[PDB]
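K.L.:
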Amino acid sequence: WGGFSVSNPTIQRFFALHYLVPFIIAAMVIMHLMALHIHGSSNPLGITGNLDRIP
Amino acid sequence: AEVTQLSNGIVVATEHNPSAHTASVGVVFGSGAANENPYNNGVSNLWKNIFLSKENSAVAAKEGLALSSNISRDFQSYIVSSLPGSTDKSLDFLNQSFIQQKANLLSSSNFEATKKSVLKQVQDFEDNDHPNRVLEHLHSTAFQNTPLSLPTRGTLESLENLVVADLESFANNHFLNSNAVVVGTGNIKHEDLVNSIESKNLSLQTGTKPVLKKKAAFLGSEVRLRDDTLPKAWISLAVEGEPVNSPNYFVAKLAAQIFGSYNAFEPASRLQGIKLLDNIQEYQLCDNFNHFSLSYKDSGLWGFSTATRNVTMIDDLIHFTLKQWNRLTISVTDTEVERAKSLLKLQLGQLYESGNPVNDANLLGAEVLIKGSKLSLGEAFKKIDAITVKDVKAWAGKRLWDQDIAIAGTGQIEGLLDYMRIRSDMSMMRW
Ligand code: HEC
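Residue numbers (the entry's author numbering), protein chains in the order written: chain C, 166 to 220; chain A, 27 to 457.
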């Protein structure tokens, strides 16, 4: 809170943090795509997709 | 250099060359695999095989005659070679086999031994001749459900179910007089041959005409014969080309010469004046490739074939090759065209004038059957030299630019991308 209750310090730090997190999410999305790339997507049959891929 | 041809009852075509040691005589029929059905497919090839049977061949060997036959798409031919003096004994053997022995060759002991040979023959082809196998399937998919789709050697299934009656039925419908041309090459004169022919009378099935059909058509498509056990990938890709007797017959052949053929192991081949080679040699995208302009009666195929062990870069092979072809519509240079003219003449010459009369017969026969005459080698060169950059561009912009393609391949082709990716490369983005 930065004080006795939700006040000015609180809202100002929450705006600063609201601006920051989206960029950390962006970095996590890249890590998410990196893990996706090494094994590729799965498919509705639940089996290997290695015998028939399309670009 | 002279192309003489006259008609009396049968159309006689010859081309003399006194310096030739031998003389070849034969009949060329205006019907081939393109006239067959999906079910009797392989009958023409079968005919060729009995004509060269041990029995019929031994009869000609005693007499000092050599046999040769060729089954194509638009035509078919039976040839007998001999010395310049025995030019009469070739006609005896020709008539003796197409009238007298038109029932002695078809015995239930000769036919079976022959059928067993074309079966092991056509099987061997499919099992090992990958480049020709791929080229044959290219015609198969490109011209599906149309005459040009049928393979010349026939299919194993239609072959093993073929009988003596099918041979006869075909022979009595196509081996007619109005669907034939007697050809003679070597050294013998035109007047020399026509006399020995106009001497022996008898028409034998005159006035009879062969059955008709439906016109051939190109269909953009593909057939993928994946086989990961083969050590390479063999592919053929083409657009609808030019039929023989087409105004652009030569423009097309020149265009193919621009990209020509290649062999990565031949030092000299790596040095040709072909821009595409700068791209493909860096990572060695292929062992070989060769462009062609195949022409037939109703249509043709213009494209290339290639073989490669670089299985993870097949997409670059296809991409660089198609980017080069894009150039023909927009930026081909004067010097590329000029280089092509010179090399086209050299190859066209080496074909039309080899030291073998049997090749001459096939070339002569095939031409006269379609246009009633043969264009002299010197006449071709006049047409070839007259081609301008503007011509090649107009041709490419009609045949290559944003046009459907046909693809066929076998071996390790997992890396050959989908149809649409290949098809998209038939052009370029512009403002
Ligand atoms: C808690 C689970 C979960 C969350 C939240 C999540 N992902 Fe995924 N994502 C997955 C999984 C698991 C797959 C693999 C799916 C498959 O291939 O079957 C996947 C696959 C993908 C794919 C491939 C296409 C698809 O839809 O399968 C993309 C792109 C992707 N995620 C983007 C994102 C982004 C962008 C976010 C959020 C901002 C996100 N993901 C959040 C679990 C998640």
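We put the CB at the ideal spot given by N, CA and C, even for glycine.
Smallest Cα separation from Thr338 of chain A: which of A:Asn96, A:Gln438, A:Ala139?
P.N.:
Closest option to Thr338 of chain A, Cα to Cα, is A:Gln438.
K.L.:
Compute every distance between the C-beta of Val194 of chain C and the non-hydrogen atoms of ligand 1, then say whether any falls below 7 Å.
P.N.:
Yes - ligand 1 has a heavy atom lying nearer than 7 Å to the Cβ of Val194 of chain C.
K.L.:
Starting from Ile97 of chain A, trace the beta strand (DSSP E) in both directions and tell me its first and last residue.
P.N.:
Counting along the chain, the beta strand (DSSP E) containing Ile97 of chain A begins and ends at 92–97.
K.L.:
What is the rounded straight-line gap between the Cα of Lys239 of chain A and the Cα of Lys323 of chain A?
P.N.:
Approximately 13 Å between the Cα atoms of the pair.
K.L.:
What residue from A:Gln376, A:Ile410, A:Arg449, A:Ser103 has the CA that sits closest to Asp428 of chain A's CA?
P.N.:
Ranking A:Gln376, A:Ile410, A:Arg449, A:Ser103 by Cα distance to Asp428 of chain A puts A:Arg449 first.
K.L.:
How long is the line joining the alpha carbons of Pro273 of chain A and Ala27 of chain A, rounded to whole angstroms?
P.N.:
If I take the Cα positions, the gap works out to 23 Å.
K.L.:
Touch check for the region 104–121 of chain A and the region 192–199 of chain A: three-plus C-beta pairs under 8 Å?
P.N.:
The region 104–121 of chain A vs the region 192–199 of chain A: no contact.
K.L.:
May I ask you to check if the CB of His197 of chain C is nearer than 7 Å to at least one heavy atom of ligand 1?
P.N.:
Within the cutoff, so yes.
K.L.:
So what does DSSP say about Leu370 of chain A, is it helix, strand or coil?
P.N.:
Three-state result, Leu370 of chain A: helix.
K.L.:
How far does the alpha helix (DSSP H) with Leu198 of chain C in it extend, from its first residue to its last?
P.N.:
That run of the alpha helix (DSSP H) goes 173–204.
K.L.:
For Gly111 of chain A, which of A:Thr178, A:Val415, A:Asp411, A:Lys215 has the nearest alpha-carbon?
P.N.:
Looking at the Cα atoms, A:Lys215 is the closest of the given residues.
K.L.:
Classify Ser103 of chain A as helix, strand or coil using the three-state DSSP reduction.
P.N.:
DSSP places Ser103 of chain A in strand when its eight states are reduced to three.
K.L.:
So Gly286 of chain A and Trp328 of chain A are in contact, right, with Cβ under 8 Å, and what is the actual spacing, rounded?
P.N.:
Actually they do not touch by this definition, with Cβ atoms about 13 Å apart.
K.L.:
Tell me the DSSP secondary structure of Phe330 of chain A in three-state form.
P.N.:
Strand at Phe330 of chain A.
K.L.:
Rounded to whole angstroms, what's the CA-CA distance from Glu217 of chain A to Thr359 of chain A? Just pull it up for me.
P.N.:
Approximately 49 Å, taken between the alpha carbons.
K.L.:
Could you please give the first and the last residue of the uninterrupted alpha helix (DSSP H) stretch that includes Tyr288 of chain A?
P.N.:
Unbroken run through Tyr288 of chain A is the beta strand (DSSP E), 287–289; no alpha helix (DSSP H).
K.L.:
On the DSSP bridge assignment, give the partners of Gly210 of chain A in chain order.
P.N.:
In DSSP, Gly210 of chain A forms a bridge with A:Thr40, A:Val51.
K.L.:
Need the endpoints of the beta strand (DSSP E) that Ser33 of chain A sits in, please.
P.N.:
Residues 30–33.
K.L.:
Please classify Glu248 of chain A as buried or exposed, where buried requires at least 16 other C-beta atoms within 10 Å of its C-beta.
P.N.:
Buried, since its Cβ has 16 or more Cβ neighbours within 10 Å.
K.L.:
Who are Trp260 of chain A's beta bridge partners in DSSP?
P.N.:
Answer is A:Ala333, A:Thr436, bridged to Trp260 of chain A.
K.L.:
Report the option in A:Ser368, A:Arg365, A:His317 whose CA atom is closest to the CA atom of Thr347 of chain A.
P.N.:
Closest option to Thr347 of chain A, Cα to Cα, is A:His317.
K.L.:
What residue ranges within the region 193–257 of chain A form continuous beta strand (DSSP E) runs of no fewer than 3 residues, ordered along the chain?
P.N.:
The qualifying runs are 206–211, 247–252.
K.L.:
Between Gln127 of chain A and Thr48 of chain A, what straight-line distance do the alpha-carbon atoms span, to the nearest angstrom?
P.N.:
Straight-line Cα distance between these residues: approximately 26 Å.
K.L.:
Identify the residues that DSSP records as bridge partners of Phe315 of chain A: which are they?
P.N.:
Answer by DSSP bridge pairing, in chain order: A:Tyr288, A:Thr332.
K.L.:
Are three or more beta carbon pairs between the region 191–209 of chain C and the region 65–72 of chain A nearer than 8 Å?
P.N.:
Touching, no.
K.L.:
Less than 6 Å between C-beta atoms, sequence neighbours within five positions excluded: which residues of the same chain meet that for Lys409 of chain A?
P.N.:
These residues qualify, in order along the chain: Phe276.
K.L.:
Go to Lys88 of chain A, then tell me how far its alpha helix (DSSP H) extends in each direction, as first and last residue.
P.N.:
80–88 is the extent of the alpha helix (DSSP H) around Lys88 of chain A.
K.L.:
Between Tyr378 of chain A and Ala39 of chain A, what straight-line distance do the alpha-carbon atoms span, to the nearest angstrom?
P.N.:
About 16 Å.
K.L.:
Name the residue from A:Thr167, A:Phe77, A:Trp260 whose alpha carbon lies nearest to the alpha carbon of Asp313 of chain A.
P.N.:
Taking only the C-alpha atoms, the option nearest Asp313 of chain A is A:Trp260.
K.L.:
When the Cα of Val106 of chain A is compared with those of A:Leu370, A:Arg179, A:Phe77, which residue comes out closest?
P.N.:
Comparing Cα-Cα distances from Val106 of chain A to each of A:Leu370, A:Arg179, A:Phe77, the minimum goes to A:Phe77.
K.L.:
So, using beta-carbon positions, are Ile306 of chain A and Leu263 of chain A closer together than 8 Å?
P.N.:
Not in contact: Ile306 of chain A and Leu263 of chain A (Cβ atoms no closer than 8 Å).
K.L.:
In whole angstroms, what is the alpha-carbon distance linking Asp417 of chain A and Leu354 of chain A?
P.N.:
Spanning the two alpha carbons is a distance of roughly 10 Å.
K.L.:
I'd like the span of the alpha helix (DSSP H) that includes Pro383 of chain A, first residue to last.
P.N.:
Element bounds for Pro383 of chain A: 383–397.
K.L.:
I want to check one thing, is the minimum distance from the CB of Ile190 of chain C to the heavy atoms of ligand 1 below 7 Å?
P.N.:
Yes - ligand 1 has a heavy atom lying nearer than 7 Å to the Cβ of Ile190 of chain C.
K.L.:
DSSP state of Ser357 of chain A, grouped into three classes?
P.N.:
DSSP places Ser357 of chain A in coil when its eight states are reduced to three.
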